[PDB]
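Engineer: Data: upload-v6.cif, mmCIF, N, CA and C atoms and all ligand atoms.
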data_run
loop_
_atom_site.label_atom_id
_atom_site.label_comp_id
_atom_site.auth_asym_id
_atom_site.auth_seq_id
_atom_site.Cartn_x
_atom_site.Cartn_y
_atom_site.Cartn_z
N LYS A 5 23.56 198.71 -36.99
CA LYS A 5 24.63 198.77 -38.01
C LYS A 5 24.69 197.46 -38.81
N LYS A 6 24.58 197.57 -40.11
CA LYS A 6 24.58 196.37 -40.93
C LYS A 6 25.78 196.37 -41.78
N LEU A 7 26.30 195.18 -42.07
CA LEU A 7 27.34 195.02 -43.07
C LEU A 7 26.80 194.95 -44.53
N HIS A 8 27.56 195.47 -45.48
CA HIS A 8 27.17 195.39 -46.88
C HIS A 8 28.36 195.06 -47.70
N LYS A 9 28.27 194.01 -48.47
CA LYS A 9 29.27 193.76 -49.52
C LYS A 9 29.22 194.79 -50.60
N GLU A 10 30.39 195.10 -51.19
CA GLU A 10 30.51 196.06 -52.31
C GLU A 10 31.34 195.46 -53.43
N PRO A 11 31.18 195.93 -54.65
CA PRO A 11 31.97 195.36 -55.75
C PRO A 11 33.43 195.58 -55.49
N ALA A 12 34.21 194.57 -55.85
CA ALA A 12 35.66 194.68 -55.69
C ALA A 12 36.34 194.28 -56.99
N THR A 13 37.60 194.71 -57.12
CA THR A 13 38.39 194.44 -58.34
C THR A 13 39.69 193.73 -57.93
N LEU A 14 39.91 192.48 -58.40
CA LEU A 14 41.11 191.77 -58.03
C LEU A 14 42.33 192.19 -58.88
N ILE A 15 43.49 192.45 -58.24
CA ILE A 15 44.74 192.55 -58.98
C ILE A 15 45.34 191.17 -58.95
N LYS A 16 45.53 190.60 -57.75
CA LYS A 16 46.12 189.24 -57.68
C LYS A 16 45.95 188.66 -56.30
N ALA A 17 45.87 187.33 -56.19
CA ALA A 17 45.93 186.70 -54.92
C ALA A 17 47.38 186.71 -54.48
N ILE A 18 47.62 186.86 -53.18
CA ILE A 18 49.01 186.94 -52.70
C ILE A 18 49.38 185.64 -51.96
N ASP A 19 48.61 185.26 -50.95
CA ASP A 19 48.84 183.98 -50.28
C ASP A 19 47.51 183.51 -49.70
N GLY A 20 47.51 182.61 -48.72
CA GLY A 20 46.25 182.09 -48.22
C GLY A 20 45.26 183.09 -47.69
N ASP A 21 45.77 184.17 -47.08
CA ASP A 21 44.85 185.12 -46.41
C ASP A 21 45.10 186.55 -46.74
N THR A 22 45.83 186.78 -47.83
CA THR A 22 45.96 188.17 -48.34
C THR A 22 45.77 188.16 -49.84
N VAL A 23 45.16 189.27 -50.29
CA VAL A 23 44.90 189.51 -51.72
C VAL A 23 45.21 190.94 -52.01
N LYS A 24 45.53 191.22 -53.26
CA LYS A 24 45.72 192.61 -53.68
C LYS A 24 44.50 193.07 -54.48
N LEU A 25 43.85 194.13 -54.03
CA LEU A 25 42.68 194.67 -54.73
C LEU A 25 43.05 196.00 -55.38
N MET A 26 42.29 196.38 -56.39
CA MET A 26 42.30 197.75 -56.85
C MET A 26 41.15 198.38 -56.12
N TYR A 27 41.46 199.12 -55.05
CA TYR A 27 40.43 199.67 -54.16
C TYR A 27 40.29 201.16 -54.40
N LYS A 28 39.15 201.58 -54.89
CA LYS A 28 38.94 202.97 -55.32
C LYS A 28 40.06 203.48 -56.20
N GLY A 29 40.49 202.61 -57.12
CA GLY A 29 41.51 203.00 -58.06
C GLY A 29 42.93 203.03 -57.46
N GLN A 30 43.16 202.40 -56.29
CA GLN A 30 44.53 202.32 -55.78
C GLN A 30 44.82 200.87 -55.51
N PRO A 31 46.02 200.37 -55.82
CA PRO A 31 46.37 198.98 -55.41
C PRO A 31 46.51 198.97 -53.90
N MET A 32 45.93 197.96 -53.27
CA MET A 32 45.96 197.90 -51.81
C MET A 32 45.91 196.43 -51.41
N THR A 33 46.76 196.04 -50.46
CA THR A 33 46.68 194.68 -49.89
C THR A 33 45.53 194.60 -48.93
N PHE A 34 44.74 193.54 -49.03
CA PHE A 34 43.71 193.18 -48.06
C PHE A 34 44.04 191.89 -47.34
N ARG A 35 43.87 191.95 -46.02
CA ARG A 35 44.04 190.80 -45.12
C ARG A 35 42.65 190.32 -44.76
N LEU A 36 42.43 189.03 -44.86
CA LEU A 36 41.10 188.46 -44.59
C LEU A 36 40.86 188.50 -43.08
N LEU A 37 39.69 189.00 -42.73
CA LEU A 37 39.30 189.03 -41.30
C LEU A 37 39.09 187.64 -40.74
N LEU A 38 39.44 187.50 -39.46
CA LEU A 38 39.05 186.38 -38.53
C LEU A 38 39.74 185.04 -38.89
N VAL A 39 40.73 185.05 -39.77
CA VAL A 39 41.36 183.77 -40.19
C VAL A 39 42.86 183.92 -40.18
N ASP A 40 43.53 182.75 -40.17
CA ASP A 40 44.99 182.70 -40.32
C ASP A 40 45.33 181.46 -41.13
N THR A 41 45.88 181.68 -42.31
CA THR A 41 46.42 180.58 -43.13
C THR A 41 47.89 180.44 -42.77
N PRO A 42 48.42 179.22 -42.96
CA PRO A 42 49.90 179.10 -42.80
C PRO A 42 50.67 179.93 -43.78
N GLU A 43 51.92 180.28 -43.46
CA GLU A 43 52.81 180.94 -44.43
C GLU A 43 53.14 179.90 -45.50
N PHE A 50 53.40 180.38 -46.72
CA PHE A 50 53.74 179.49 -47.82
C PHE A 50 54.72 178.40 -47.50
N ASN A 51 55.76 178.71 -46.70
CA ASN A 51 56.81 177.73 -46.39
C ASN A 51 56.46 176.90 -45.13
N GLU A 52 55.21 176.96 -44.65
CA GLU A 52 54.77 176.09 -43.58
C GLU A 52 53.80 175.05 -44.11
N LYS A 53 53.57 174.00 -43.32
CA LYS A 53 52.70 172.91 -43.82
C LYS A 53 51.32 173.49 -44.05
N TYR A 54 50.76 173.12 -45.21
CA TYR A 54 49.44 173.59 -45.70
C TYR A 54 49.51 174.99 -46.26
N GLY A 55 50.67 175.65 -46.20
CA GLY A 55 50.78 177.01 -46.80
C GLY A 55 50.52 176.99 -48.31
N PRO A 56 51.17 176.09 -49.04
CA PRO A 56 50.99 176.14 -50.48
C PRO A 56 49.53 175.84 -50.79
N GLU A 57 48.96 174.89 -50.10
CA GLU A 57 47.56 174.48 -50.33
C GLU A 57 46.60 175.65 -50.03
N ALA A 58 46.82 176.33 -48.92
CA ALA A 58 45.92 177.47 -48.62
C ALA A 58 46.08 178.55 -49.66
N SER A 59 47.34 178.80 -50.07
CA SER A 59 47.61 179.82 -51.12
C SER A 59 46.89 179.45 -52.39
N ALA A 60 46.93 178.17 -52.76
CA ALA A 60 46.36 177.82 -54.09
C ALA A 60 44.85 177.82 -54.03
N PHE A 61 44.28 177.47 -52.87
CA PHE A 61 42.83 177.46 -52.70
C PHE A 61 42.29 178.91 -52.77
N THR A 62 42.90 179.83 -52.04
CA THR A 62 42.47 181.22 -52.19
C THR A 62 42.69 181.74 -53.60
N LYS A 63 43.84 181.42 -54.22
CA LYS A 63 44.11 181.91 -55.57
C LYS A 63 43.05 181.41 -56.55
N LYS A 64 42.76 180.10 -56.55
CA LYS A 64 41.77 179.63 -57.52
C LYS A 64 40.42 180.26 -57.25
N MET A 65 40.06 180.43 -55.98
CA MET A 65 38.73 180.90 -55.68
C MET A 65 38.54 182.34 -56.13
N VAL A 66 39.53 183.21 -55.90
CA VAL A 66 39.35 184.57 -56.32
C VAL A 66 39.60 184.86 -57.79
N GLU A 67 40.57 184.14 -58.34
CA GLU A 67 40.92 184.33 -59.77
C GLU A 67 39.95 183.78 -60.73
N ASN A 68 39.34 182.70 -60.36
CA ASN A 68 38.45 182.06 -61.27
C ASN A 68 37.01 182.53 -61.09
N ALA A 69 36.75 183.39 -60.12
CA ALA A 69 35.37 183.87 -59.89
C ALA A 69 34.97 184.82 -61.02
N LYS A 70 33.68 184.86 -61.33
CA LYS A 70 33.13 185.88 -62.24
C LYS A 70 33.28 187.24 -61.58
N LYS A 71 33.06 187.30 -60.27
CA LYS A 71 33.29 188.57 -59.56
C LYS A 71 33.65 188.33 -58.13
N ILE A 72 34.26 189.37 -57.58
CA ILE A 72 34.55 189.35 -56.14
C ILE A 72 33.99 190.60 -55.52
N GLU A 73 33.74 190.48 -54.20
CA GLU A 73 33.17 191.59 -53.40
C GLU A 73 33.95 191.63 -52.09
N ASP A 74 34.03 192.81 -51.50
CA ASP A 74 34.61 192.94 -50.18
C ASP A 74 33.55 193.48 -49.25
N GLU A 75 33.71 193.10 -47.98
CA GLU A 75 32.78 193.51 -46.93
C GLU A 75 33.55 193.91 -45.67
N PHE A 76 33.53 195.20 -45.33
CA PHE A 76 34.16 195.57 -44.06
C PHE A 76 33.25 195.16 -42.92
N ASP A 77 33.87 195.00 -41.74
CA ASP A 77 33.08 194.78 -40.54
C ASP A 77 32.82 196.18 -39.91
N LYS A 78 32.42 196.17 -38.65
CA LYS A 78 31.92 197.37 -38.02
C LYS A 78 33.02 198.30 -37.50
N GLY A 79 34.20 197.74 -37.28
CA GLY A 79 35.34 198.38 -36.61
C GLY A 79 36.42 198.85 -37.56
N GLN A 80 37.68 198.51 -37.21
CA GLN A 80 38.88 199.03 -37.95
C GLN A 80 38.80 198.44 -39.37
N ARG A 81 39.09 199.28 -40.37
CA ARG A 81 39.13 198.84 -41.75
C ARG A 81 40.53 198.63 -42.28
N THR A 82 41.52 199.13 -41.58
CA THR A 82 42.89 198.94 -42.01
C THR A 82 43.68 198.61 -40.80
N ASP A 83 44.63 197.70 -40.97
CA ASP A 83 45.43 197.31 -39.87
C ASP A 83 46.66 198.23 -39.66
N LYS A 84 47.45 197.85 -38.68
CA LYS A 84 48.68 198.57 -38.33
C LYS A 84 49.78 198.50 -39.38
N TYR A 85 49.58 197.66 -40.39
CA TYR A 85 50.51 197.62 -41.53
C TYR A 85 49.90 198.20 -42.77
N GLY A 86 48.78 198.89 -42.62
CA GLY A 86 48.12 199.52 -43.78
C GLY A 86 47.24 198.65 -44.65
N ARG A 87 47.11 197.38 -44.29
CA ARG A 87 46.31 196.49 -45.11
C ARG A 87 44.83 196.71 -44.80
N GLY A 88 43.98 196.58 -45.82
CA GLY A 88 42.57 196.59 -45.57
C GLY A 88 42.11 195.32 -44.89
N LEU A 89 41.06 195.37 -44.09
CA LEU A 89 40.63 194.21 -43.31
C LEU A 89 39.20 193.97 -43.73
N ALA A 90 38.95 192.85 -44.35
CA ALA A 90 37.60 192.58 -44.89
C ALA A 90 37.31 191.11 -44.97
N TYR A 91 36.00 190.85 -45.14
CA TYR A 91 35.58 189.53 -45.65
C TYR A 91 35.51 189.63 -47.17
N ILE A 92 36.00 188.63 -47.86
CA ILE A 92 36.10 188.62 -49.36
C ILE A 92 35.16 187.52 -49.86
N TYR A 93 34.34 187.87 -50.84
CA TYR A 93 33.41 186.85 -51.44
C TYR A 93 33.75 186.65 -52.90
N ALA A 94 33.67 185.42 -53.32
CA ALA A 94 33.93 185.09 -54.75
C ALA A 94 32.63 184.44 -55.24
N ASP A 95 31.95 185.15 -56.16
CA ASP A 95 30.63 184.72 -56.66
C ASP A 95 29.72 184.37 -55.48
N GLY A 96 29.76 185.22 -54.47
CA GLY A 96 28.87 185.12 -53.31
C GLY A 96 29.30 184.18 -52.19
N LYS A 97 30.35 183.41 -52.38
CA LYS A 97 30.82 182.50 -51.35
C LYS A 97 31.99 183.19 -50.60
N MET A 98 31.89 183.22 -49.30
CA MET A 98 32.93 183.84 -48.48
C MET A 98 34.20 183.03 -48.48
N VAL A 99 35.28 183.67 -48.96
CA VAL A 99 36.59 182.99 -48.99
C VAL A 99 37.00 182.68 -47.53
N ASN A 100 36.81 183.63 -46.62
CA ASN A 100 37.28 183.41 -45.23
C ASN A 100 36.62 182.15 -44.68
N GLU A 101 35.33 181.98 -44.93
CA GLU A 101 34.62 180.79 -44.40
C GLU A 101 35.11 179.56 -45.11
N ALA A 102 35.34 179.62 -46.44
CA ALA A 102 35.66 178.41 -47.18
C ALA A 102 37.02 177.87 -46.74
N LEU A 103 37.97 178.77 -46.48
CA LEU A 103 39.30 178.33 -46.00
C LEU A 103 39.15 177.57 -44.68
N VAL A 104 38.38 178.16 -43.78
CA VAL A 104 38.17 177.54 -42.45
C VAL A 104 37.47 176.20 -42.60
N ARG A 105 36.48 176.12 -43.47
CA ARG A 105 35.68 174.89 -43.61
C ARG A 105 36.54 173.75 -44.18
N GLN A 106 37.57 174.09 -44.95
CA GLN A 106 38.46 173.06 -45.50
C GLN A 106 39.66 172.74 -44.68
N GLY A 107 39.74 173.36 -43.49
CA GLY A 107 40.88 173.23 -42.61
C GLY A 107 42.17 173.76 -43.19
N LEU A 108 42.04 174.81 -44.01
CA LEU A 108 43.19 175.49 -44.55
C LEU A 108 43.51 176.82 -43.85
N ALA A 109 42.61 177.27 -42.94
CA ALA A 109 42.89 178.40 -42.04
C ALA A 109 42.28 178.07 -40.71
N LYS A 110 42.89 178.66 -39.69
CA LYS A 110 42.31 178.65 -38.32
C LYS A 110 41.51 179.92 -38.16
N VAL A 111 40.40 179.83 -37.36
CA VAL A 111 39.78 181.06 -36.84
C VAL A 111 40.85 181.74 -35.99
N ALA A 112 41.06 183.04 -36.17
CA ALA A 112 42.18 183.73 -35.46
C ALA A 112 41.96 185.21 -35.50
N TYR A 113 42.74 185.95 -34.70
CA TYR A 113 42.72 187.45 -34.71
C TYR A 113 41.32 187.96 -34.53
N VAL A 114 40.64 187.42 -33.51
CA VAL A 114 39.24 187.80 -33.25
C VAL A 114 39.21 189.02 -32.34
N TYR A 115 38.97 190.22 -32.89
CA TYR A 115 38.90 191.44 -32.11
C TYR A 115 37.43 191.84 -31.97
N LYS A 116 37.02 192.21 -30.78
CA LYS A 116 35.64 192.57 -30.55
C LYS A 116 35.38 193.80 -31.41
N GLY A 117 34.23 193.90 -31.94
CA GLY A 117 34.03 195.00 -32.86
C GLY A 117 34.36 194.79 -34.33
N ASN A 118 35.19 193.80 -34.68
CA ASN A 118 35.22 193.23 -36.05
C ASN A 118 35.06 191.77 -35.94
N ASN A 119 33.95 191.35 -35.39
CA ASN A 119 33.71 189.94 -35.23
C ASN A 119 32.38 189.40 -35.68
N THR A 120 31.75 190.15 -36.62
CA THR A 120 30.42 189.77 -37.04
C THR A 120 30.29 188.32 -37.47
N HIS A 121 31.24 187.78 -38.26
CA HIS A 121 31.10 186.43 -38.73
C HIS A 121 31.83 185.43 -37.90
N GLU A 122 32.11 185.76 -36.62
CA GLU A 122 32.80 184.79 -35.80
C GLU A 122 32.04 183.50 -35.61
N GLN A 123 30.77 183.55 -35.27
CA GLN A 123 30.03 182.30 -35.00
C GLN A 123 29.97 181.47 -36.28
N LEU A 124 29.73 182.07 -37.43
CA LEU A 124 29.74 181.34 -38.66
C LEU A 124 31.07 180.64 -38.89
N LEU A 125 32.18 181.33 -38.66
CA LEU A 125 33.48 180.74 -38.91
C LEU A 125 33.83 179.65 -37.86
N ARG A 126 33.44 179.83 -36.61
CA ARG A 126 33.76 178.78 -35.65
C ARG A 126 32.87 177.55 -35.92
N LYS A 127 31.73 177.76 -36.56
CA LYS A 127 30.85 176.58 -36.94
C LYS A 127 31.61 175.84 -38.06
N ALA A 128 32.15 176.60 -39.01
CA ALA A 128 32.93 175.94 -40.08
C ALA A 128 34.16 175.23 -39.53
N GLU A 129 34.84 175.86 -38.56
CA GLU A 129 36.07 175.24 -38.04
C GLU A 129 35.73 173.95 -37.30
N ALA A 130 34.64 173.96 -36.54
CA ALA A 130 34.25 172.74 -35.79
C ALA A 130 34.01 171.58 -36.76
N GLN A 131 33.40 171.85 -37.91
CA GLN A 131 33.21 170.83 -38.91
C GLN A 131 34.53 170.37 -39.52
N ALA A 132 35.47 171.29 -39.79
CA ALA A 132 36.76 170.90 -40.31
C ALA A 132 37.54 170.08 -39.29
N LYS A 133 37.42 170.43 -38.01
CA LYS A 133 38.08 169.64 -36.99
C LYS A 133 37.46 168.23 -36.82
N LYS A 134 36.14 168.14 -36.85
CA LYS A 134 35.42 166.82 -36.77
C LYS A 134 35.88 165.91 -37.95
N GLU A 135 35.98 166.50 -39.14
CA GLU A 135 36.45 165.72 -40.29
C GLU A 135 37.98 165.56 -40.37
N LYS A 136 38.74 166.18 -39.46
CA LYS A 136 40.19 166.03 -39.35
C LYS A 136 40.86 166.50 -40.66
N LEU A 137 40.36 167.63 -41.18
CA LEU A 137 40.87 168.15 -42.47
C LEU A 137 42.16 168.95 -42.37
N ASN A 138 43.21 168.57 -43.11
CA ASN A 138 44.34 169.46 -43.35
C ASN A 138 45.10 169.88 -42.09
N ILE A 139 44.98 171.16 -41.69
CA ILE A 139 45.59 171.58 -40.40
C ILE A 139 45.18 170.64 -39.24
N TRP A 140 43.98 170.06 -39.31
CA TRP A 140 43.50 169.24 -38.20
C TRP A 140 43.66 167.78 -38.48
N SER A 141 44.43 167.44 -39.52
CA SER A 141 44.56 166.01 -39.84
C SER A 141 45.52 165.35 -38.86
N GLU A 142 45.34 164.05 -38.69
CA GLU A 142 46.10 163.27 -37.64
C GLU A 142 46.91 162.17 -38.21
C1 LIG A 201 43.49 189.55 -39.31
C2 LIG A 201 44.14 190.70 -38.62
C3 LIG A 201 45.49 190.74 -38.49
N1 LIG A 201 46.05 191.82 -37.82
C4 LIG A 201 47.49 191.91 -37.64
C5 LIG A 201 47.94 191.19 -36.37
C6 LIG A 201 49.29 190.62 -36.64
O1 LIG A 201 50.28 191.66 -36.33
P1 LIG A 201 51.51 191.30 -35.34
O2 LIG A 201 51.81 189.90 -34.98
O3 LIG A 201 52.59 192.07 -36.03
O4 LIG A 201 50.92 191.74 -34.02
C7 LIG A 201 49.31 190.61 -38.14
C8 LIG A 201 49.27 189.20 -38.59
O5 LIG A 201 49.17 189.09 -40.02
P2 LIG A 201 49.67 188.02 -40.93
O6 LIG A 201 49.01 186.76 -40.36
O7 LIG A 201 49.17 188.42 -42.28
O8 LIG A 201 51.20 187.78 -40.74
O9 LIG A 201 48.19 191.33 -38.67
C9 LIG A 201 45.29 192.82 -37.31
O10 LIG A 201 45.85 193.83 -36.70
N2 LIG A 201 43.96 192.84 -37.45
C10 LIG A 201 43.37 191.75 -38.07
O11 LIG A 201 42.15 191.74 -38.08
CA CA A 202 48.99 184.15 -42.07
#
Using structure tokens, write down the structure that the file contains.
Structural biologist:
Amino acid sequence: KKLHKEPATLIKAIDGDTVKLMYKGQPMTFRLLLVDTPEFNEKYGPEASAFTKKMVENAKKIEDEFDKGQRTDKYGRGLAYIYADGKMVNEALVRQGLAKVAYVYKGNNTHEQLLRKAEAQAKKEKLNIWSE
């Protein structure tokens, strides 16, 4: 079983780890897989929100990639990896210490090792959430 990115259409960025897509012609919230950004009113929340917003809004295009397992969560949100001009937003947040690796469920964990490699680098550099 292989993962494949597909073309996506942005309506708007919502916060650090959620975006609104026009998915098959319906507005739908997507939650980024394997990451957790702070809430806007928590430390680094505004920064994570603005980093995801600039990355998706300013991209020439965005793509979504489901993993192998559940595609929608218990709140109806789609669960995907999101790419902006080919760069994974989920990884970039982690690499900048603006999200933690989190919500790792077996069966939607394809990019776990990639993301924990990014988090280890953000922790070594003491970035943001990991700053001292
Ligand atoms: C990332 C992700 C979150 N979730 C759920 C778990 C958390 O629900 P509960 O705590 O209600 O159990 C919720 C966290 O989302 P937010 O971080 O967007 O608040 O989203 C999944 O079910 N699957 C996922 O892959
Ligand atoms: Ca969150």
Engineer: What residues of the protein or nucleic acid chains come within 6 Å of ligand CA 202 (chain A) when you use only N, CA and C atoms and all ligand atoms? Reply as a compact mmCIF listing (two decimals) with N, CA and C atoms, in the frame of the given file.
Structural biologist:
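The resulting file, part-v5.txt, is shown below:
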# COMPACT_ATOMS: atom_id res chain seq x y z
N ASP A 21 45.77 184.17 -47.08
CA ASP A 21 44.85 185.12 -46.41
C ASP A 21 45.10 186.55 -46.74
N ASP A 40 43.53 182.75 -40.17
CA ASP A 40 44.99 182.70 -40.32
C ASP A 40 45.33 181.46 -41.13
N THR A 41 45.88 181.68 -42.31
CA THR A 41 46.42 180.58 -43.13
C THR A 41 47.89 180.44 -42.77
N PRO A 42 48.42 179.22 -42.96
CA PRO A 42 49.90 179.10 -42.80
C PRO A 42 50.67 179.93 -43.78
N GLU A 43 51.92 180.28 -43.46
CA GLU A 43 52.81 180.94 -44.43
C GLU A 43 53.14 179.90 -45.50
Engineer: Using all atoms listed in the file, which protein or nucleic acid residues come within 8 Å of region 76-87 of chain A? Drop anything in the same chain fewer than 3 positions from it, and give the result as a PDB file with N, CA and C atoms, in the frame of the given file.
Structural biologist:
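The resulting file, part.pdb, is shown below:
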ATOM      1  N   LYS A   5      23.560 198.710 -36.990  1.00  0.00           N
ATOM      2  CA  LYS A   5      24.630 198.770 -38.010  1.00  0.00           C
ATOM      3  C   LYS A   5      24.690 197.460 -38.810  1.00  0.00           C
ATOM      4  N   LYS A   6      24.580 197.570 -40.110  1.00  0.00           N
ATOM      5  CA  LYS A   6      24.580 196.370 -40.930  1.00  0.00           C
ATOM      6  C   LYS A   6      25.780 196.370 -41.780  1.00  0.00           C
ATOM      7  N   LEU A   7      26.300 195.180 -42.070  1.00  0.00           N
ATOM      8  CA  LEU A   7      27.340 195.020 -43.070  1.00  0.00           C
ATOM      9  C   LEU A   7      26.800 194.950 -44.530  1.00  0.00           C
ATOM     10  N   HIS A   8      27.560 195.470 -45.480  1.00  0.00           N
ATOM     11  CA  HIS A   8      27.170 195.390 -46.880  1.00  0.00           C
ATOM     12  C   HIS A   8      28.360 195.060 -47.700  1.00  0.00           C
ATOM     13  N   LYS A   9      28.270 194.010 -48.470  1.00  0.00           N
ATOM     14  CA  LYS A   9      29.270 193.760 -49.520  1.00  0.00           C
ATOM     15  C   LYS A   9      29.220 194.790 -50.600  1.00  0.00           C
ATOM     16  N   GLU A  10      30.390 195.100 -51.190  1.00  0.00           N
ATOM     17  CA  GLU A  10      30.510 196.060 -52.310  1.00  0.00           C
ATOM     18  C   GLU A  10      31.340 195.460 -53.430  1.00  0.00           C
ATOM     19  N   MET A  32      45.930 197.960 -53.270  1.00  0.00           N
ATOM     20  CA  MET A  32      45.960 197.900 -51.810  1.00  0.00           C
ATOM     21  C   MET A  32      45.910 196.430 -51.410  1.00  0.00           C
ATOM     22  N   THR A  33      46.760 196.040 -50.460  1.00  0.00           N
ATOM     23  CA  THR A  33      46.680 194.680 -49.890  1.00  0.00           C
ATOM     24  C   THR A  33      45.530 194.600 -48.930  1.00  0.00           C
ATOM     25  N   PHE A  34      44.740 193.540 -49.030  1.00  0.00           N
ATOM     26  CA  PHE A  34      43.710 193.180 -48.060  1.00  0.00           C
ATOM     27  C   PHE A  34      44.040 191.890 -47.340  1.00  0.00           C
ATOM     28  N   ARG A  35      43.870 191.950 -46.020  1.00  0.00           N
ATOM     29  CA  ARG A  35      44.040 190.800 -45.120  1.00  0.00           C
ATOM     30  C   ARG A  35      42.650 190.320 -44.760  1.00  0.00           C
ATOM     31  N   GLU A  73      33.740 190.480 -54.200  1.00  0.00           N
ATOM     32  CA  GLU A  73      33.170 191.590 -53.400  1.00  0.00           C
ATOM     33  C   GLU A  73      33.950 191.630 -52.090  1.00  0.00           C
ATOM     34  N   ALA A  90      38.950 192.850 -44.350  1.00  0.00           N
ATOM     35  CA  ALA A  90      37.600 192.580 -44.890  1.00  0.00           C
ATOM     36  C   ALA A  90      37.310 191.110 -44.970  1.00  0.00           C
ATOM     37  N   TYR A  91      36.000 190.850 -45.140  1.00  0.00           N
ATOM     38  CA  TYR A  91      35.580 189.530 -45.650  1.00  0.00           C
ATOM     39  C   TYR A  91      35.510 189.630 -47.170  1.00  0.00           C
ATOM     40  N   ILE A  92      36.000 188.630 -47.860  1.00  0.00           N
ATOM     41  CA  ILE A  92      36.100 188.620 -49.360  1.00  0.00           C
ATOM     42  C   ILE A  92      35.160 187.520 -49.860  1.00  0.00           C
ATOM     43  N   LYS A 116      37.020 192.210 -30.780  1.00  0.00           N
ATOM     44  CA  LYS A 116      35.640 192.570 -30.550  1.00  0.00           C
ATOM     45  C   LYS A 116      35.380 193.800 -31.410  1.00  0.00           C
ATOM     46  N   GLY A 117      34.230 193.900 -31.940  1.00  0.00           N
ATOM     47  CA  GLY A 117      34.030 195.000 -32.860  1.00  0.00           C
ATOM     48  C   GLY A 117      34.360 194.790 -34.330  1.00  0.00           C
ATOM     49  N   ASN A 118      35.190 193.800 -34.680  1.00  0.00           N
ATOM     50  CA  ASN A 118      35.220 193.230 -36.050  1.00  0.00           C
ATOM     51  C   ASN A 118      35.060 191.770 -35.940  1.00  0.00           C
ATOM     52  N   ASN A 119      33.950 191.350 -35.390  1.00  0.00           N
ATOM     53  CA  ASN A 119      33.710 189.940 -35.230  1.00  0.00           C
ATOM     54  C   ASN A 119      32.380 189.400 -35.680  1.00  0.00           C
ATOM     55  N   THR A 120      31.750 190.150 -36.620  1.00  0.00           N
ATOM     56  CA  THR A 120      30.420 189.770 -37.040  1.00  0.00           C
ATOM     57  C   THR A 120      30.290 188.320 -37.470  1.00  0.00           C
ATOM     58  N   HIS A 121      31.240 187.780 -38.260  1.00  0.00           N
ATOM     59  CA  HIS A 121      31.100 186.430 -38.730  1.00  0.00           C
ATOM     60  C   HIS A 121      31.830 185.430 -37.900  1.00  0.00           C
TER      61      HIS A 121
END
Engineer: Would you kindly return, as JSON, numbers by chain, each protein, DNA or RNA residue with an atom no farther than 6 Å from any atom of residue 105 (chain A), considering all atoms listed in the file and excluding same-chain residues fewer than 4 positions away?
Structural biologist: {"A": [101, 128, 129, 132]}
Engineer: May I have all residues of chain A that DSSP, computed from the backbone, assigns to helix (DSSP H, G or I), given as a PyMOL selection string?
Structural biologist: chain A and resi 55-67+99-105+122-134+138-140
Engineer: Taking 6 positions as the minimum chain separation for residues in the same chain, which residues sit within 8 Å of region 60-72 of chain A when counting all atoms listed in the file? Answer as a list in words.
Structural biologist: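 These residues fall inside the cut-off: residues 10, 11, 12, 13, 14, 16, 17, 18, 19, 20, 21, 22, 54, 92, 93, 94, 95, 96, 99 and 103 of chain A.
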Engineer: Separation of CA of residue 140 (chain A) and atom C2 of ligand LIG 201 (chain A), in Å?
Structural biologist: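 Computing it gives 21.5 Å between the two atoms.
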Engineer: As a ChimeraX atom specification, which residues of region 29-123 of chain A does DSSP assign to strand (DSSP E)?
Structural biologist: /A:30-36,39-40,72-75,88-94,97-98,110-111
Engineer: Using only C-alpha atoms, which residues sit within 12 Å of residue 141 (chain A) once same-chain residues fewer than 4 positions away are excluded, as number ranges by chain?
Structural biologist: A: 53-54, 106-108, 132-137
Engineer: In Å to one decimal, how far is CA of residue 39 (chain A) from atom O7 of ligand LIG 201 (chain A)?
Structural biologist: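 Atom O7 of ligand LIG 201 (chain A) sits 9.3 Å away from CA of residue 39 (chain A).
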Engineer: Go through A:89, A:130, A:23, A:111 and flag the residue nearest ligand LIG 201 (chain A), using only C-alpha atoms and all ligand atoms for the distances.
Structural biologist: A:89
Engineer: Considering only C-alpha atoms, state which residue in the set A:58, A:52, A:15, A:98 is at the smallest distance from residue 31 (chain A).
Structural biologist: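 Looking only at the distances to residue 31 (chain A), the closest residue turns out to be A:15.
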Engineer: Kindly give the distance, in Å, that separates atom N of residue 25 (chain A) and atom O3 of ligand LIG 201 (chain A), rounded to a single decimal.
Structural biologist: 20.1 Å
Engineer: So, with only C-alpha atoms and all ligand atoms as the atoms that count, which of A:37, A:26, A:104, A:139 lies closest to ligand LIG 201 (chain A)?
Structural biologist: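 Once distances to ligand LIG 201 (chain A) are computed over only C-alpha atoms and all ligand atoms, the minimum belongs to A:37.
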Engineer: If you take every atom of region 87-90 of chain A that the file lists and fit an axis-aligned box around them with 8 Å extra on each side, what centre and edge lengths come out in Å to one decimal, as AutoDock Vina command-line options?
Structural biologist:
--center_x 42.2 --center_y 194.2 --center_z -44.6 --size_x 25.8 --size_y 22.3 --size_z 18.5
